[PDB]
């Protein structure tokens, strides 16, 4: 499987690096998409190479989507192409993993009304206003959508997402 990550500068470092390596362990191919080629730097200073830009992503070529948190989702959600990628993959029923501020991209895509999930508690009212049935749990699984809240939930977040990709 080809797993796409939508992110940008000021991503929450462990929320990108943890699923990146956890999914590589399974033999899945992992791709970082962002605004431009080169590198992006997390809140804590970890640097990662960008594999492709949002403009070059064909959503049909990717099988699963991961949305790390941090401050990057508020930048990503203003890019119409990045939001279109998330709208298409999520609405087609492809596996989507979000954590922390990651689901702000799904709010902007207009795909969460009636869906059950979680997020960083600081944006729960925004998830509720987007029609989410918000749950305070380390991991929520709602069909193709696997959601978690904070870095302390990483173990449970990918435990459930890896099951979805099997």
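Positions refer to the first chain, counted from 1.
> Among the modelled residues of this chain, does the Cα B factor of residue 87 put it in the lowest, middle or highest third?
Its C-alpha B-factor belongs to the lowest third of this chain's values.
> When the modelled residues of the chain are sorted by Cα temperature factor, does residue 126 land in the lowest, middle or highest third?
Its C-alpha B-factor belongs to the lowest third of this chain's values.
> Can you tell me which third, lowest, middle or highest, the CA B-factor of residue 95 falls into for its chain?
Tercile = middle for this residue's CA B-factor.
> Residue 3: which third of its chain by C-alpha temperature factor?
According to the entry, residue 3 has a C-alpha B-factor in the chain's middle third.
> Per the entry's values, where does residue 10 land by CA temperature factor relative to the rest of its chain, in the lowest, middle or highest third?
CA B-factor rank for residue 10: lowest third.
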